[PDB]
C-alpha cells in the first residue's frame, strides 16, 4: 500500500553542457559550474555539475545514484532539484546553479550587511522546504547551514541529500547503521539510538537557525564530537545569540527538547517565523539593520564636518 514514484530521471548528453570552472574539490569528488544547452531549444541554463574522482569507486557510485533518486523525487521552491544525470566514466549529477553558494559562508562574508529581515525570511524558507520534505515523507538527515544554497539573497533552498531516507507508509522512524553523521547537528536520540525522524530534523533546524543568528559560528566551538552527547545529557544547550530576543531563542530552545513530540513542527515554525518576519526589528537587534554606510576608520562620535564648524 505505497504510491508509485513516477518521477522522471533525465539522461543528458555530455555534449549538451559546457563545463567552465571548478567550484570545489572536496573529499567527495568535485563540483563544477557550467552551462546546459539543450540541442533543440535556444536557451542557456546555468548549472552545477557534481561527480567523483577520475577512478571508479564501488560503493560511491551507488551513493550518487541514491542521491539522484531523492533529488529527482522532490519538487519545491525551497528544495534543490536534479535537472538530470550524465553517464560518463563516472556518473555526474546536474542541478541548477546557486550563484551565491552555501548559506553558512554567505552569512560569514556578509555579516556587516545582513539585516533582520533577511535572517527571518531564510528561517521561513528553510522551514517551508523542510515541511515539504516531511509531506513527501523524507527525513533529511544532514540539515545545516552548509547544506542550504543561495539562489539570491532573498531566495534559498535545501540541498545535499546524501543521507536522506524515505520512510514507509506505516514507518515512523529510520534506524541507521554506520558512523558518518555530523554529531553537532543531531538530536540526542539520534546519537544514543541511531533513530531519525522528521522531529529529529527539527533539532537540526534549530542548530541551523543558531548558525545563522550568530553569523556563521561553529556550534560548541571548543568541545570535540566525543563529548557532545554528554554535555547534551547534562541539559546544556547552545547559547543565546547576542542579536536574539528571548522570543526567537525560545524557538531554538524548543527544537532541542528531549521529547521529540514536544518540539515544534515545521508547519508551526513557518507560522511563527512568518509573524516575526512582518516586524523584524521587534525580534532581532542588529546594530546597523539596513547597511551602515564616510568611512571614519576611527572610534569617534564627536566628529563634525568642517562645513558645520563655524567661526569660534
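Positions refer to the first chain, counted from 1. Take the two forms, superpose them, and find the largest set of C-alpha atoms that agree within 1.5 Å; that set is the rigid core.
Stretch with larger C-alpha RMS deviation in 4 other deposited structures of this protein, core superposed, 206-214 versus 90-98
Between 206-214 and 90-98, the one lying farther away in 4 other deposited structures of this protein is 90-98.
*When the other structures are laid on this one by the rigid core, do the CA atoms of 119-127 or of 172-180 sit farther away in 4 other deposited structures of this protein?*
Of 119-127 and 172-180, the stretch deviating more in 4 other deposited structures of this protein is 172-180.
Legend entry - At least a third of other PDB entries omit residue 248: Negative; every one of those entries includes residue 248.
Can you check if, in at least a third of the other PDB entries compared, residue 293 has no modelled coordinates?
yes, residue 293 frequently unmodelled elsewhere, at least a third of entries.
Deposited residues absent from the coordinates between residue 293 and residue 294, none, 1 to 3, 4 to 9, or 10 or more? Gap size class: 10 or more residues without coordinates, per the record.
- request: Select between 76-84 and 182-190 the stretch whose C-alpha atoms have the higher average B-factor in the entry.
  value: Higher mean C-alpha B-factor: 182-190.
message = Going by the mean C-alpha B-factor recorded in the entry, which is higher: 217-225 or 113-121?
response = Mean B over CA atoms: larger for 217-225.
By the entry's C-alpha temperature factors, tell me which of 101, 168, 153, 239 sits highest.
Answer for 101, 168, 153, 239: 168, with the highest C-alpha B-factor.
- Task: Would you mind finding, among 264, 280, 46, 38, the residue with the largest C-alpha temperature factor in the entry?
- Result: 38 has the highest C-alpha B-factor of those listed.
* Looking at the entry's B-factor column for C-alpha atoms only, identify whether residue 50 ranks in the lowest, middle or highest third of its chain. => Middle third - that is where residue 50 ends up once the chain's C-alpha B-factors are sorted.
Taking the values exactly as deposited, rank residue 137 by C-alpha B-factor within its chain and report the matching third: lowest, middle or highest. Middle third.
**Message:** Is residue 204 in the lowest, middle or highest third of its chain when residues are ranked by C-alpha B-factor?
**Reply:** Its C-alpha B-factor, which the entry lists for residue 204, ranks in the lowest third among residues of this chain.
How does the C-alpha B factor of residue 21 compare with the rest of the chain: lowest, middle or highest third?
Within its chain, residue 21 is a highest-third residue by C-alpha B-factor, going by the deposited values.
| query | residue 107's Cα B-factor: lowest, middle or highest third of the chain? | reply | As the PDB entry reports it, the C-alpha B-factor of residue 107 lands in the middle third of its chain.
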